[PDB]
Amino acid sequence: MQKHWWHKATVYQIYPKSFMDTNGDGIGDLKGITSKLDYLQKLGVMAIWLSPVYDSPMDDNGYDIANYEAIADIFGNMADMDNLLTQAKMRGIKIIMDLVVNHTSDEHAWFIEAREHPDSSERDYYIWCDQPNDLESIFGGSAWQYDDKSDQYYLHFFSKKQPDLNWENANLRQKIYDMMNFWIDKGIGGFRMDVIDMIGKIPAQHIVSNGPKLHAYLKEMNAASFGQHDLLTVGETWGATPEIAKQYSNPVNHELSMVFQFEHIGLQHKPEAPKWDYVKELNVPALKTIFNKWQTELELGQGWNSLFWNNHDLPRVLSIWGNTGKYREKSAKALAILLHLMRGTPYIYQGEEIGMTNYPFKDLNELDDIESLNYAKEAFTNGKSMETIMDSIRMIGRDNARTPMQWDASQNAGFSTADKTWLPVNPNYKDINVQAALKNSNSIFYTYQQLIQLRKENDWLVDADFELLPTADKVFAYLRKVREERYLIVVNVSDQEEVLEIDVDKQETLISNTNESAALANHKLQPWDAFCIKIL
């Protein structure tokens, strides 16, 4: 197991439009991010996964790129970007850019030429057809959009303004590599690869993710760009299984460092049902099976896990799986303890470290996300009341993760000085904000800070194995072992008292949000009790 700088790293995901606004337009920008690097350094993260800040029409808020080498005017300019890289590096922080190459904006120059001149080479940069099959767009409707100018349908698994790139075109792939090397030379620390498991798509055969040439393309990409460097590459792979992740992350395959797997996220909705048909409560026994599987199947040297609870497309963890009332702070720490002490690279989504929650959206106008808006329009004429629709969106809507970062108790939680913010600031900012989190020595922030420091200083977080222990349904306990070291992690993922039928010899407490001694002696766990102790 060759160790790289990122094996001890914790990554922080920033959603640019909602992090920090510095010019009063109600939207976050690059200078905003740069001004908060001391805060992130204090937190201890070693890298930032920066969501798209490239030139874009914003149909999918940055994931529909019109120019891979230009900063969207709304975030600032290339000078601001360069300074961010510089200032971040000065503080031990690397920047991981969001690589979105499965598709581009329909306003990208390649597509404009493809449509304007169907004989051009860029025409083959996309996927066209005369007779469309029944493939569907992930944002609703057909994945094929009819273009009346050229008289053919172009593929788009996402919005109509996000035409898919043709990865069978070796020349297109090379263009992508040239663009990737453009960013590599600027000093980035890696790439977060957007739906990367779709580049092996074969539309005509209804093959989307995990296509036959997927890994060959990744090997080619690696060899043509990031491979020669020591960067962190993580792919967003919704169709990833432990076996597939081994192929992606085992160093011997020369592909990626790790990938985001969404099997645990699948528990947020009924099996074989739309994400909108959400599950009210976390099936802890189900989560235990999934986490244990990924921990066991990806043994050191054979692969590497990424660890996350939420992102810019998911409900904040406290709202979907934690507690947002009497045990908000405690459940937040519990969930933090539970995830970060497993083997892998953990990712913290902005606001997660202070325990932010979903937002109580009142109506559709207040929303912004095309996915939710498309869902609402369809659902309303298919048996769903507006109230039922708004209820699903308040729980699952991607906009819940996109409300402004809550810095303090001043106007707009200190996010901006503008009359209004692009997305509304959650009123709970009066109680939930960075300033208040930093002031309280035992706040959620310090739990994450401590977890981050434990990983940077102790090899066992990486070297130790993982063993799930038999416990009550809602109790998530496991031990990490290596050499003469044995670590016991116990987390009561429950709003109520649970049993703990174990006997151990505690020799050291690494971290705890409660009186771990009392729990061990009384053989019972208080709601959301969580701790890691070194045992004999």
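Residue numbers here begin at 1 and follow the sequence given.
The mean C-alpha temperature factor is higher for 387 to 395 when 387 to 395 and 308 to 316 are set side by side. Mean C-alpha B-factor is higher over 362 to 370 than over the other stretch, the pair under comparison being 340 to 348 and 362 to 370. Per the deposited coordinates, the residue with the largest Cα temperature factor out of 87, 241, 121, 162 is 121. The PDB entry gives the largest Cα B-factor of the residues 443, 406, 450, 324 to 324. Ranked by Cα temperature factor within the chain, residue 108 sits in the middle third according to the deposited record. Remark: residue 495 belongs to the highest third of its chain, ranked by C-alpha B-factor as recorded. For residue 29, the recorded CA temperature factor ranks within the lowest third of the chain's modelled residues. Ranked against the other modelled residues of its chain, the C-alpha B-factor of residue 476 as given in the entry falls in the middle third. Annotation for residue 101: CA B-factor lies in the lowest third of the chain's modelled residues.
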